Every structure is written in structure tokens, then in C-alpha cells.
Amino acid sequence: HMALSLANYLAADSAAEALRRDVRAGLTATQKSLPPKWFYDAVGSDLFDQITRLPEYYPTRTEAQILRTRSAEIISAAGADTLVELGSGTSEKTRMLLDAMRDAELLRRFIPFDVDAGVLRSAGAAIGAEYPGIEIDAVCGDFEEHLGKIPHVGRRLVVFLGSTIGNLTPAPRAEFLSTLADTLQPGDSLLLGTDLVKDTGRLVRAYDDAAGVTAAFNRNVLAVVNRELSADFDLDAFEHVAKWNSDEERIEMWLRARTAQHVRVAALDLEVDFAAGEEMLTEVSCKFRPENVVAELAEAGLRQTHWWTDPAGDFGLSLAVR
């Protein structure tokens, strides 16, 4: 099944330059950091897939169970014939929504939007084979820059699942939602997944699993830098640390140097020192309160028409309209 349309707004040389800029800025900052987008090379994407099946990492299965039991209601409320996914279309959650759109005799079109064109091609072929006659228009782009490149055809249900929105701190998060709302037409809908404030032990353990998989995922960002920028990070020298930040109500992932480290990043003509015990921030994952989700949507210009949550209150899905 080779039927496909694909627009690609991302260039290899542009991505390499973004990594250079990000690593230089993050490793020379007074408090070191690295952006989590760089976790998702081939290795890191596979580790994240594994994370979604860990006993401690409740978000994926919780969101999936909400969609499993409520997809027909979501689809009926949206009335859309086109599913736009800020994501690659590889998950069972995608099929739950497409199945419900098919069951309702609404489904015409799938628009996956993500950063890896090869994965979009694979997902497109799989979706095409499962939903014969569906139009697939894939977009390779950055969801903080190319949202205007998503086609406007049809009545669109735009979905952003998994609480990936929690990787944006409040100012960029507000800008993202405001921009997204300005690409929607009357009649379009946003389905947004948000992980919720809950027991703090359960939160920390979800990012510090017993098997060490999250720790490997986190340290792999050092392997990305090592490979792409000719650096010599010693991954064994960095401890994985997950923290609950109660002031910002967010999970944080950090890497902590066990002993002083001297790291050359040869491609940047840069050497960088870590003191013993020095920590570097690699990810934030903001957790939400239901009343604040409504307010953030409203501030972006969207009205929350529906809210779904599991019986434990662990996770929330919002449907919002212009």
C-alpha cells in the first residue's frame, strides 16, 4: 500500500544546526540542560515505546482506556471526517479513533504530523491497508513552527495525546495553544491529553522505574550528543534522577555527575566541566489540575465542551472548539 501524500518541511542540515545550537546553549548555561526533543533518535524512540508498557508508567494505558471506552462519544461530539494527529499514527490510540470514525461513517482522511518522514511513510502504509479508501496526507514538520502547513480540508479533529503538551513550560505552552487555535476553523475540534496531579510517589516512580528503562532513555541523550557532535560523555558517570517540583507542579528528569567530569564536544570546539554532584535538566513534564486545563484552553481561544477522566482521576482528555 504505497498510496500517500507527504509534505516534508524538515531538512537534515537544519536539524543538525538545531542540535548544535541547543547543545551549545544548554551546556554553557549556569544551570545546564538539554531539550528532550533529542531523546527521540531511533534508539530513544524504541526505549520510549518500552516505557509505555512499564508497570509504573501509567499514562499510556490510562489514556488508552479512556479512548477505548469513550471513542464513540468523542467522535460523535467532534463530527469530524478528518483526523489530524500531532504524532506519527503508530499507536493503538490512533486506531481507536479511526475505528470510531469509520463506525460512524464519517472517516475520509488521516493527517499524521511529526518529525520523522520514514515513520510517517510506514504508518501511512499501515493505516492505508487497514482503512481502504482513506486519504492519507502526511506532514513532516515541527509542531511549534509548521502548524500552518497542516491542510485545512474537511472538518478536522486535531489530537495531541500522551500529555506531550506537558513538555512545554507555561509561556511556550500558551503560545502553542494560541497558535494551534488560530489554525482551526469553526467546526474543528482539539482533543488534548493531559496527565493530572496525583500522589507524588506514583508520579516520581513513573519516571524512575524499577527496571532502569527510564534511566537508559535519559542517559541516551548523552549518546546522541556523543555520536552527532563527537563528544565523550561517559554515560556510566551520570546518575538518573527524577524529581517532583511542587512549586511548578511538574516532574523533572535530571542527570547527575557521580564525580567531576570533563567533556569535550569536539564538533562545537567546546569543552565543558561538570562538578561532582552537578545536575543537568533533561526534561520537564508538567502535570495539570482539571480546572486549570479549562482556563488554559479558554485563554488560547478554545471552549472545552467535553472532559473525560478515568475513575481514579489519573489522566484527562479535553475536547475543545473555537
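Quick note: we count residues from 1 along the sequence shown, nothing fancier.
> Is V43 missing in a third or more of the other PDB entries that were compared?
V43: unmodelled in a third or more of the comparison entries.
> So, looking at the entry's B-factor column for Cα atoms, which has the higher mean, 192 to 200 or 149 to 157?
Higher mean C-alpha B-factor: 149 to 157.
> Mean C-alpha B factor from the entry: is it higher for 265 to 273 or for 283 to 291?
Higher mean C-alpha B-factor in the PDB entry: 265 to 273.
> Highest Cα B-factor in the deposition, which of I127, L168, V139, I74?
Result of the comparison over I127, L168, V139, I74: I127.
> Per the entry, which of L222, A216, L106, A210 tops the list for Cα B factor?
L106 has the highest C-alpha B-factor of those listed.
> Place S33 in the lowest, middle or highest third of its chain's C-alpha B-factors, as listed in the PDB entry.
Lowest third of the chain for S33's C-alpha B-factor.
> Lowest, middle or highest third: where is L19 by C-alpha B factor in its chain?
Lowest third.
> Relative to the other modelled residues of the same chain, rank the CA B-factor of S5 and answer lowest, middle or highest third.
Highest third - that is where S5 ends up once the chain's C-alpha B-factors are sorted.
> Among the modelled residues of this chain, does the Cα B factor of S230 put it in the lowest, middle or highest third?
Middle third by C-alpha B-factor.
> Within this chain's modelled residues, let me know which third the CA B factor of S91 belongs to: lowest, middle or highest.
Its C-alpha B-factor, which the entry lists for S91, ranks in the highest third among residues of this chain.
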